[PDB]
>>> print(open('coords.cif').read())   # mmCIF, C-alpha atoms
data_my_file
#
loop_
_atom_site.group_PDB
_atom_site.id
_atom_site.type_symbol
_atom_site.label_atom_id
_atom_site.label_comp_id
_atom_site.auth_asym_id
_atom_site.auth_seq_id
_atom_site.Cartn_x
_atom_site.Cartn_y
_atom_site.Cartn_z
ATOM 1 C CA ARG A 1 -10.834 -7.497 -5.297
ATOM 2 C CA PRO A 2 -12.016 -4.417 -3.388
ATOM 3 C CA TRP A 3 -9.498 -2.295 -1.532
ATOM 4 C CA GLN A 4 -8.536 -3.129 2.050
ATOM 5 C CA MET A 5 -7.799 -1.024 5.115
ATOM 6 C CA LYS A 6 -4.121 -0.580 4.233
ATOM 7 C CA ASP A 7 -4.885 0.828 0.775
ATOM 8 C CA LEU A 8 -7.283 3.403 2.215
ATOM 9 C CA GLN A 9 -4.818 4.315 4.963
ATOM 10 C CA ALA A 10 -2.062 4.882 2.404
ATOM 11 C CA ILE A 11 -4.361 6.893 0.129
ATOM 12 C CA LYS A 12 -5.371 9.199 2.973
ATOM 13 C CA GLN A 13 -1.877 9.547 4.447
ATOM 14 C CA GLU A 14 -0.131 10.354 1.160
ATOM 15 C CA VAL A 15 -2.512 13.268 0.542
ATOM 16 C CA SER A 16 -3.034 14.493 4.100
ATOM 17 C CA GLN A 17 -1.324 17.845 3.501
ATOM 18 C CA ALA A 18 -2.771 18.673 0.079
ATOM 19 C CA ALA A 19 -6.215 20.224 -0.339
ATOM 20 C CA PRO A 20 -9.230 18.602 -2.019
ATOM 21 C CA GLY A 21 -9.006 18.989 -5.769
ATOM 22 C CA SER A 22 -5.305 19.858 -5.802
ATOM 23 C CA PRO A 23 -3.312 18.233 -8.634
ATOM 24 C CA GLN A 24 -1.699 15.823 -6.155
ATOM 25 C CA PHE A 25 -5.010 14.738 -4.653
ATOM 26 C CA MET A 26 -6.493 14.410 -8.126
ATOM 27 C CA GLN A 27 -3.574 12.249 -9.259
ATOM 28 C CA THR A 28 -3.829 9.858 -6.322
ATOM 29 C CA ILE A 29 -7.634 9.616 -6.240
ATOM 30 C CA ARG A 30 -7.815 9.117 -10.009
ATOM 31 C CA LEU A 31 -5.220 6.358 -9.811
ATOM 32 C CA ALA A 32 -7.147 4.627 -7.017
ATOM 33 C CA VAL A 33 -10.461 4.857 -8.858
ATOM 34 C CA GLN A 34 -8.972 3.606 -12.131
ATOM 35 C CA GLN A 35 -7.056 0.792 -10.379
ATOM 36 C CA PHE A 36 -9.556 -0.770 -7.962
ATOM 37 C CA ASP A 37 -12.633 -0.435 -10.228
ATOM 38 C CA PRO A 38 -15.109 0.329 -7.418
ATOM 39 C CA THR A 39 -18.857 0.878 -7.522
ATOM 40 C CA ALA A 40 -20.746 3.854 -6.073
ATOM 41 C CA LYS A 41 -20.958 2.326 -2.584
ATOM 42 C CA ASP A 42 -17.191 2.020 -2.208
ATOM 43 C CA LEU A 43 -16.715 5.533 -3.583
ATOM 44 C CA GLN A 44 -19.098 6.887 -0.939
ATOM 45 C CA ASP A 45 -17.136 5.030 1.736
ATOM 46 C CA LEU A 46 -13.886 6.509 0.423
ATOM 47 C CA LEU A 47 -15.277 10.049 0.395
ATOM 48 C CA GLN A 48 -16.589 9.687 3.944
ATOM 49 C CA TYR A 49 -13.134 8.540 5.046
ATOM 50 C CA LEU A 50 -11.251 11.307 3.256
ATOM 51 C CA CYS A 51 -13.125 14.604 3.623
ATOM 52 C CA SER A 52 -15.531 15.961 6.214
ATOM 53 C CA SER A 53 -19.303 16.284 5.972
ATOM 54 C CA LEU A 54 -19.027 19.755 4.421
ATOM 55 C CA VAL A 55 -16.830 18.634 1.522
ATOM 56 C CA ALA A 56 -18.969 15.514 1.242
ATOM 57 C CA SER A 57 -22.108 17.636 0.841
ATOM 58 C CA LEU A 58 -20.500 19.966 -1.700
ATOM 59 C CA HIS A 59 -19.297 17.018 -3.779
ATOM 60 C CA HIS A 60 -22.737 15.440 -3.433
ATOM 61 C CA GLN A 61 -24.413 18.523 -4.900
ATOM 62 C CA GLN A 62 -21.874 18.909 -7.706
ATOM 63 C CA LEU A 63 -22.131 15.231 -8.632
ATOM 64 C CA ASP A 64 -25.913 15.462 -8.563
ATOM 65 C CA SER A 65 -25.715 18.262 -11.130
ATOM 66 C CA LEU A 66 -23.163 16.407 -13.279
ATOM 67 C CA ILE A 67 -25.113 13.142 -13.263
ATOM 68 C CA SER A 68 -28.203 15.242 -13.929
ATOM 69 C CA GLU A 69 -26.853 16.674 -17.169
ATOM 70 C CA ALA A 70 -25.143 13.442 -18.231
ATOM 71 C CA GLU A 71 -28.128 11.117 -17.923
ATOM 72 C CA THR A 72 -30.659 13.765 -18.977
ATOM 73 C CA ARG A 73 -28.788 13.953 -22.282
ATOM 74 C CA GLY A 74 -29.150 10.183 -22.636
ATOM 75 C CA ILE A 75 -26.334 7.674 -22.284
ATOM 76 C CA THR A 76 -25.589 4.525 -24.258
ATOM 77 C CA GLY A 77 -25.977 2.108 -21.344
ATOM 78 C CA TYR A 78 -28.436 4.007 -19.121
ATOM 79 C CA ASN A 79 -32.025 2.752 -19.082
ATOM 80 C CA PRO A 80 -34.091 5.013 -16.775
ATOM 81 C CA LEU A 81 -36.818 2.390 -16.213
ATOM 82 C CA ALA A 82 -34.667 0.300 -13.839
ATOM 83 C CA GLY A 83 -33.341 2.762 -11.256
ATOM 84 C CA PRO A 84 -31.068 5.718 -10.564
ATOM 85 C CA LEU A 85 -27.526 5.708 -11.885
ATOM 86 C CA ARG A 86 -26.360 5.209 -8.287
ATOM 87 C CA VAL A 87 -28.073 1.791 -8.337
ATOM 88 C CA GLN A 88 -27.157 0.702 -11.860
ATOM 89 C CA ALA A 89 -23.515 1.480 -11.084
ATOM 90 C CA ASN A 90 -23.807 -0.994 -8.183
ATOM 91 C CA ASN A 91 -24.732 -3.898 -10.488
ATOM 92 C CA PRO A 92 -21.509 -5.607 -11.677
ATOM 93 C CA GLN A 93 -23.047 -6.227 -15.139
ATOM 94 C CA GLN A 94 -23.233 -2.515 -16.061
ATOM 95 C CA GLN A 95 -19.565 -1.574 -16.280
ATOM 96 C CA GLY A 96 -20.357 1.335 -18.591
ATOM 97 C CA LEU A 97 -22.485 2.943 -15.897
ATOM 98 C CA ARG A 98 -19.745 2.215 -13.364
ATOM 99 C CA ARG A 99 -17.081 3.967 -15.441
ATOM 100 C CA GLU A 100 -19.365 6.924 -16.119
ATOM 101 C CA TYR A 101 -20.077 7.171 -12.386
ATOM 102 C CA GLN A 102 -16.357 7.096 -11.612
ATOM 103 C CA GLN A 103 -15.601 9.868 -14.105
ATOM 104 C CA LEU A 104 -18.473 12.077 -12.935
ATOM 105 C CA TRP A 105 -17.298 11.492 -9.361
ATOM 106 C CA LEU A 106 -13.706 12.519 -10.026
ATOM 107 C CA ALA A 107 -14.667 15.551 -12.116
ATOM 108 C CA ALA A 108 -17.133 16.724 -9.470
ATOM 109 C CA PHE A 109 -14.558 16.348 -6.721
ATOM 110 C CA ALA A 110 -12.010 18.234 -8.846
ATOM 111 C CA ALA A 111 -14.460 21.106 -9.417
ATOM 112 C CA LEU A 112 -14.412 22.140 -5.734
ATOM 113 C CA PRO A 113 -11.673 24.826 -5.522
ATOM 114 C CA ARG B 1 1.521 -9.519 -11.957
ATOM 115 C CA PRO B 2 0.460 -5.913 -12.595
ATOM 116 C CA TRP B 3 1.466 -3.494 -9.864
ATOM 117 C CA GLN B 4 -0.959 -2.706 -7.047
ATOM 118 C CA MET B 5 -1.263 0.520 -5.045
ATOM 119 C CA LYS B 6 1.772 -0.227 -2.888
ATOM 120 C CA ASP B 7 4.253 -0.559 -5.758
ATOM 121 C CA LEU B 8 3.232 2.656 -7.505
ATOM 122 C CA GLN B 9 3.020 4.560 -4.222
ATOM 123 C CA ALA B 10 6.588 3.546 -3.454
ATOM 124 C CA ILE B 11 7.740 4.459 -6.968
ATOM 125 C CA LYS B 12 6.287 7.938 -6.552
ATOM 126 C CA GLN B 13 7.728 8.183 -3.030
ATOM 127 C CA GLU B 14 11.318 7.700 -4.205
ATOM 128 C CA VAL B 15 10.723 9.592 -7.477
ATOM 129 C CA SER B 16 9.601 12.679 -5.558
ATOM 130 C CA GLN B 17 12.896 14.463 -4.860
ATOM 131 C CA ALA B 18 14.378 14.123 -8.349
ATOM 132 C CA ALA B 19 13.099 15.652 -11.590
ATOM 133 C CA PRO B 20 12.321 13.902 -14.899
ATOM 134 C CA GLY B 21 15.408 13.023 -16.900
ATOM 135 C CA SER B 22 17.666 13.009 -13.849
ATOM 136 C CA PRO B 23 19.653 9.792 -13.326
ATOM 137 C CA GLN B 24 17.578 8.723 -10.307
ATOM 138 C CA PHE B 25 14.219 9.184 -12.032
ATOM 139 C CA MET B 26 15.280 7.155 -15.061
ATOM 140 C CA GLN B 27 16.936 4.520 -12.864
ATOM 141 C CA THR B 28 13.738 3.890 -10.919
ATOM 142 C CA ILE B 29 11.463 4.019 -13.969
ATOM 143 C CA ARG B 30 13.648 1.613 -15.937
ATOM 144 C CA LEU B 31 13.816 -0.807 -13.015
ATOM 145 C CA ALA B 32 10.045 -0.793 -12.551
ATOM 146 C CA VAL B 33 9.347 -1.269 -16.260
ATOM 147 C CA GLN B 34 11.957 -4.013 -16.685
ATOM 148 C CA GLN B 35 10.527 -5.806 -13.642
ATOM 149 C CA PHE B 36 6.748 -5.693 -14.077
ATOM 150 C CA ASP B 37 6.776 -5.740 -17.910
ATOM 151 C CA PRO B 38 3.782 -3.373 -18.154
ATOM 152 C CA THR B 39 1.801 -2.687 -21.305
ATOM 153 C CA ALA B 40 0.830 0.760 -22.597
ATOM 154 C CA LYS B 41 -2.184 0.939 -20.273
ATOM 155 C CA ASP B 42 -0.154 0.550 -17.087
ATOM 156 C CA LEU B 43 2.598 2.814 -18.423
ATOM 157 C CA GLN B 44 0.143 5.642 -19.052
ATOM 158 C CA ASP B 45 -1.320 5.099 -15.574
ATOM 159 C CA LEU B 46 2.152 5.363 -14.040
ATOM 160 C CA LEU B 47 2.938 8.545 -15.966
ATOM 161 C CA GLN B 48 -0.330 10.219 -14.997
ATOM 162 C CA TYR B 49 0.460 9.254 -11.414
ATOM 163 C CA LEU B 50 4.012 10.569 -11.245
ATOM 164 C CA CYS B 51 4.353 13.963 -12.915
ATOM 165 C CA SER B 52 2.222 16.964 -13.789
ATOM 166 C CA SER B 53 0.073 17.131 -16.910
ATOM 167 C CA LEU B 54 2.613 19.361 -18.668
ATOM 168 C CA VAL B 55 5.368 16.755 -18.342
ATOM 169 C CA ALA B 56 2.989 14.012 -19.475
ATOM 170 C CA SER B 57 2.084 16.039 -22.569
ATOM 171 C CA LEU B 58 5.753 16.672 -23.351
ATOM 172 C CA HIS B 59 6.509 12.978 -22.925
ATOM 173 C CA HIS B 60 3.660 12.014 -25.222
ATOM 174 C CA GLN B 61 4.882 14.433 -27.889
ATOM 175 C CA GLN B 62 8.325 12.827 -27.721
ATOM 176 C CA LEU B 63 6.785 9.348 -27.688
ATOM 177 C CA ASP B 64 4.651 10.055 -30.745
ATOM 178 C CA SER B 65 7.777 11.284 -32.522
ATOM 179 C CA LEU B 66 9.700 8.128 -31.579
ATOM 180 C CA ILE B 67 6.841 5.787 -32.503
ATOM 181 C CA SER B 68 6.298 7.479 -35.870
ATOM 182 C CA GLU B 69 10.022 7.257 -36.592
ATOM 183 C CA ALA B 70 10.114 3.562 -35.681
ATOM 184 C CA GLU B 71 7.023 2.659 -37.714
ATOM 185 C CA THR B 72 8.469 4.406 -40.766
ATOM 186 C CA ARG B 73 11.798 2.638 -40.251
ATOM 187 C CA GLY B 74 10.085 -0.672 -39.454
ATOM 188 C CA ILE B 75 9.466 -2.790 -36.371
ATOM 189 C CA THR B 76 10.235 -6.491 -36.135
ATOM 190 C CA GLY B 77 6.691 -7.645 -35.377
ATOM 191 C CA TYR B 78 4.560 -4.575 -36.073
ATOM 192 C CA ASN B 79 1.609 -5.380 -38.335
ATOM 193 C CA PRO B 80 -0.382 -2.161 -38.958
ATOM 194 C CA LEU B 81 -3.351 -4.108 -40.374
ATOM 195 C CA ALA B 82 -4.862 -4.488 -36.878
ATOM 196 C CA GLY B 83 -4.030 -1.305 -34.959
ATOM 197 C CA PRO B 84 -1.268 1.043 -33.833
ATOM 198 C CA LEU B 85 1.594 -0.005 -31.589
ATOM 199 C CA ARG B 86 -0.362 1.920 -28.960
ATOM 200 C CA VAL B 87 -3.075 -0.737 -29.323
ATOM 201 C CA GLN B 88 -0.779 -3.620 -30.331
ATOM 202 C CA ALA B 89 1.051 -3.448 -26.984
ATOM 203 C CA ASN B 90 -2.146 -4.181 -25.024
ATOM 204 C CA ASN B 91 -2.444 -7.691 -26.462
ATOM 205 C CA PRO B 92 -0.524 -10.027 -24.107
ATOM 206 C CA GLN B 93 0.699 -12.210 -27.011
ATOM 207 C CA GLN B 94 2.829 -9.439 -28.589
ATOM 208 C CA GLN B 95 5.790 -9.266 -26.211
ATOM 209 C CA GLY B 96 8.050 -7.702 -28.839
ATOM 210 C CA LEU B 97 5.746 -4.743 -29.417
ATOM 211 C CA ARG B 98 5.330 -4.251 -25.670
ATOM 212 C CA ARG B 99 9.074 -4.193 -24.998
ATOM 213 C CA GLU B 100 9.675 -1.877 -27.957
ATOM 214 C CA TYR B 101 7.037 0.495 -26.587
ATOM 215 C CA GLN B 102 8.650 0.359 -23.149
ATOM 216 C CA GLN B 103 12.036 1.257 -24.627
ATOM 217 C CA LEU B 104 10.631 4.179 -26.625
ATOM 218 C CA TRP B 105 8.861 5.278 -23.438
ATOM 219 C CA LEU B 106 12.080 5.294 -21.430
ATOM 220 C CA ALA B 107 13.978 7.070 -24.216
ATOM 221 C CA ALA B 108 11.337 9.777 -24.624
ATOM 222 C CA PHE B 109 11.348 10.321 -20.869
ATOM 223 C CA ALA B 110 15.150 10.516 -20.804
ATOM 224 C CA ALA B 111 15.221 13.075 -23.639
ATOM 225 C CA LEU B 112 12.873 15.645 -22.066
ATOM 226 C CA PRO B 113 15.719 18.074 -21.172
#
>>> encode(input="coords.cif", output="structure tokens")
Amino acid sequence: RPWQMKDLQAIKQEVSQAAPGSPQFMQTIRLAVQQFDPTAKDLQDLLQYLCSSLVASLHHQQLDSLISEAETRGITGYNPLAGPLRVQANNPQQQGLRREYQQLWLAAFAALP
Amino acid sequence: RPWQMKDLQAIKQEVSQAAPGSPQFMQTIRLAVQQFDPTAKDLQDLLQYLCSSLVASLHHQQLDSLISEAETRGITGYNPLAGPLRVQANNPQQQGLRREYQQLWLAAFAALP
């Protein structure tokens, strides 16, 4: 049950005025992420739709650092012998990795301003 | 029939002008809750969506007060040998607990001012 075009259109329109990482944007994006239960691929699509290449790159770097610390510590469900967290989160049998990816994503995007 | 994006986006759209505790806010919240019969999970999602973190924290203080009072006084179907009302309202076969939690939710929201 992935999102459709209308959901993305509404998500972008409702937060057109606000700035990335504002409390309003964080509210709406967090609700979307917690409601649709998407993988990393869909999150990348959503970010490309919402913010430009500059904000995309900044979030990419911040999320790289956050994932770096998180999975360098060691995580309950992460096994580094199978692939990067971006790929484990895309397997529907690793929901723990998917939820960790979602939370790192939202925190990284919130850490912009 | 848990609410999708469209329902919650509407709810926030018409709960934007008014402030928590005002007649309109409570009217809309009570209608939504009485219609969709949401558990504690969906209720917390809706609250995080609507208002700032300060109002959510205030509401949760009031809700903890109400729930503690009710558990001391006694609930019709509350059995504390499995988990708090907080966790007993997530089980779909405990309608009484869920409706009690919804009513305490609405009361705590109405008593903010």
>>> residues_around(input="coords.cif", residues="residue A:113", least_positions_apart="4", cutoff="10 Å", atoms="all atoms listed in the file", output="VMD selection string")
chain A and resid 19 to 22 109
>>> resolve_selection(input="coords.cif", expression="the PyMOL selection byres ((chain B and resi 39-49) around 8)", output="ChimeraX atom specification")
/A:27-28,31 /B:2,8,12,37-38,50-53,56,86-87,89-90,98,101-102
>>> closest_residue(input="coords.cif", among="B:3, B:105, B:25, B:78", to="chain A", atoms="all atoms listed in the file")
B:3
>>> calpha_fit_rmsd(input="coords.cif", fixed="chain A", moving="chain B")
0.5 Å
>>> residues_around(input="coords.cif", residues="stretch 67-77 of chain A", least_positions_apart="4", cutoff="9 Å", atoms="all atoms listed in the file", output="list in words")
residues 62, 63, 85, 94, 95, 96, 97, 100, 101, 104 and 105 of chain A
>>> write_last_selection(input="coords.cif", atoms="C-alpha atoms", output="PDB file, in the frame of the given file")
ATOM      1  CA  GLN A  62     -21.874  18.909  -7.706  1.00  0.00           C
ATOM      2  CA  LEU A  63     -22.131  15.231  -8.632  1.00  0.00           C
ATOM      3  CA  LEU A  85     -27.526   5.708 -11.885  1.00  0.00           C
ATOM      4  CA  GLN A  94     -23.233  -2.515 -16.061  1.00  0.00           C
ATOM      5  CA  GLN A  95     -19.565  -1.574 -16.280  1.00  0.00           C
ATOM      6  CA  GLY A  96     -20.357   1.335 -18.591  1.00  0.00           C
ATOM      7  CA  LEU A  97     -22.485   2.943 -15.897  1.00  0.00           C
ATOM      8  CA  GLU A 100     -19.365   6.924 -16.119  1.00  0.00           C
ATOM      9  CA  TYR A 101     -20.077   7.171 -12.386  1.00  0.00           C
ATOM     10  CA  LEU A 104     -18.473  12.077 -12.935  1.00  0.00           C
ATOM     11  CA  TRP A 105     -17.298  11.492  -9.361  1.00  0.00           C
TER      12      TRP A 105
END
>>> resolve_selection(input="coords.cif", expression="the PyMOL selection byres ((chain A) within 10 of (chain B))", output="CSV table (one decimal) with C-alpha atoms, in the frame of the given file")
chain,number,residue,atom,x,y,z
A,3,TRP,CA,-9.5,-2.3,-1.5
A,6,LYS,CA,-4.1,-0.6,4.2
A,7,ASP,CA,-4.9,0.8,0.8
A,8,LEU,CA,-7.3,3.4,2.2
A,10,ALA,CA,-2.1,4.9,2.4
A,11,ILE,CA,-4.4,6.9,0.1
A,14,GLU,CA,-0.1,10.4,1.2
A,23,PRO,CA,-3.3,18.2,-8.6
A,24,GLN,CA,-1.7,15.8,-6.2
A,26,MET,CA,-6.5,14.4,-8.1
A,27,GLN,CA,-3.6,12.2,-9.3
A,28,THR,CA,-3.8,9.9,-6.3
A,29,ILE,CA,-7.6,9.6,-6.2
A,30,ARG,CA,-7.8,9.1,-10.0
A,31,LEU,CA,-5.2,6.4,-9.8
A,32,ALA,CA,-7.1,4.6,-7.0
A,34,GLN,CA,-9.0,3.6,-12.1
A,35,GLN,CA,-7.1,0.8,-10.4
A,36,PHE,CA,-9.6,-0.8,-8.0
>>> atom_distance(input="coords.cif", atom1="atom CA of residue B:99", atom2="atom CA of residue B:84")
14.6 Å
>>> atom_distance(input="coords.cif", atom1="atom CA of residue B:54", atom2="atom CA of residue B:112")
11.4 Å
>>> atom_distance(input="coords.cif", atom1="atom CA of residue B:107", atom2="atom CA of residue B:1")
24.1 Å
>>> decode(input="coords.cif", residues="stretch 3-109 of chain B", atoms="C-alpha atoms", output="compact mmCIF listing (two decimals), in the first residue's frame")
# COMPACT_ATOMS: atom_id res chain seq x y z
CA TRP B 3 -7.83 7.09 8.76
CA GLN B 4 -5.55 7.70 5.78
CA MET B 5 -3.68 10.89 4.88
CA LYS B 6 -6.76 12.63 3.51
CA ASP B 7 -8.83 12.37 6.69
CA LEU B 8 -6.12 13.68 9.00
CA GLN B 9 -5.12 16.41 6.55
CA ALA B 10 -8.71 17.63 6.51
CA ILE B 11 -8.95 17.45 10.31
CA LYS B 12 -5.87 19.64 10.61
CA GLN B 13 -7.17 21.95 7.88
CA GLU B 14 -10.37 22.80 9.77
CA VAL B 15 -8.63 22.66 13.18
CA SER B 16 -6.14 25.32 12.09
CA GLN B 17 -7.97 28.56 12.91
CA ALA B 18 -9.17 27.57 16.38
CA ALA B 19 -7.06 26.83 19.46
CA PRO B 20 -7.15 23.74 21.71
CA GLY B 21 -10.08 23.70 24.10
CA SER B 22 -12.17 26.01 21.94
CA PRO B 23 -15.62 24.65 21.00
CA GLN B 24 -14.66 24.07 17.35
CA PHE B 25 -11.48 22.13 18.15
CA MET B 26 -13.28 19.82 20.57
CA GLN B 27 -16.23 19.44 18.20
CA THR B 28 -14.03 18.23 15.36
CA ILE B 29 -11.85 16.01 17.56
CA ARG B 30 -14.86 14.36 19.19
CA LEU B 31 -16.50 13.75 15.83
CA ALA B 32 -13.37 12.16 14.38
CA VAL B 33 -12.80 9.94 17.42
CA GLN B 34 -16.45 8.87 17.66
CA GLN B 35 -16.42 8.04 13.94
CA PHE B 36 -13.17 6.15 13.35
CA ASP B 37 -12.97 4.56 16.83
CA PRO B 38 -9.16 4.89 16.97
CA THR B 39 -6.93 3.20 19.51
CA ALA B 40 -4.16 4.90 21.50
CA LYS B 41 -1.69 4.56 18.62
CA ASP B 42 -3.81 6.52 16.15
CA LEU B 43 -4.80 9.04 18.82
CA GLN B 44 -1.16 9.83 19.60
CA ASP B 45 -0.46 10.13 15.87
CA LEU B 46 -3.32 12.61 15.50
CA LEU B 47 -2.13 14.68 18.46
CA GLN B 48 1.45 14.83 17.21
CA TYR B 49 0.04 15.92 13.86
CA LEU B 50 -2.24 18.70 15.09
CA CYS B 51 -0.57 20.82 17.76
CA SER B 52 2.90 21.79 18.91
CA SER B 53 4.99 19.63 21.21
CA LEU B 54 4.19 21.86 24.20
CA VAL B 55 0.45 21.26 23.84
CA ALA B 56 1.02 17.53 23.37
CA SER B 57 3.08 17.42 26.57
CA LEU B 58 0.41 19.33 28.48
CA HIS B 59 -2.26 16.98 27.15
CA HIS B 60 -0.25 13.94 28.16
CA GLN B 61 0.21 15.32 31.68
CA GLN B 62 -3.55 15.77 31.96
CA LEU B 63 -4.15 12.34 30.43
CA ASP B 64 -1.78 10.63 32.85
CA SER B 65 -3.62 12.34 35.70
CA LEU B 66 -7.00 11.18 34.39
CA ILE B 67 -5.82 7.62 33.72
CA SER B 68 -4.23 7.31 37.16
CA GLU B 69 -7.42 8.60 38.77
CA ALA B 70 -9.56 6.14 36.81
CA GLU B 71 -7.33 3.14 37.54
CA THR B 72 -7.40 3.94 41.26
CA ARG B 73 -11.18 4.35 41.14
CA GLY B 74 -11.59 1.28 38.92
CA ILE B 75 -12.43 0.59 35.29
CA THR B 76 -15.09 -1.83 34.13
CA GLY B 77 -12.80 -4.10 32.11
CA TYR B 78 -9.31 -3.00 33.12
CA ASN B 79 -7.13 -5.95 34.13
CA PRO B 80 -3.67 -4.64 35.15
CA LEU B 81 -2.15 -8.15 35.03
CA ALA B 82 -1.32 -7.73 31.31
CA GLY B 83 -0.41 -4.07 30.79
CA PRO B 84 -1.52 -0.47 31.24
CA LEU B 85 -4.63 0.99 29.65
CA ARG B 86 -2.12 2.64 27.33
CA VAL B 87 -1.27 -0.87 26.09
CA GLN B 88 -4.69 -2.44 26.74
CA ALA B 89 -6.35 -0.07 24.24
CA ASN B 90 -4.19 -1.36 21.36
CA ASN B 91 -5.76 -4.82 21.49
CA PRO B 92 -8.79 -4.77 19.15
CA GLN B 93 -10.81 -7.08 21.44
CA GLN B 94 -10.98 -4.56 24.32
CA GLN B 95 -13.52 -2.05 23.02
CA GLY B 96 -14.40 -0.83 26.51
CA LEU B 97 -10.82 0.15 27.33
CA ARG B 98 -10.45 1.87 23.96
CA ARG B 99 -13.60 3.96 24.39
CA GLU B 100 -12.65 4.84 27.97
CA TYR B 101 -9.24 6.00 26.74
CA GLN B 102 -10.89 8.07 24.01
CA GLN B 103 -13.14 9.77 26.56
CA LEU B 104 -10.25 10.57 28.90
CA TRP B 105 -8.38 11.89 25.86
CA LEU B 106 -11.19 14.24 24.91
CA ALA B 107 -11.64 15.39 28.52
CA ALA B 108 -7.93 16.08 29.02
CA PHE B 109 -7.89 18.05 25.77
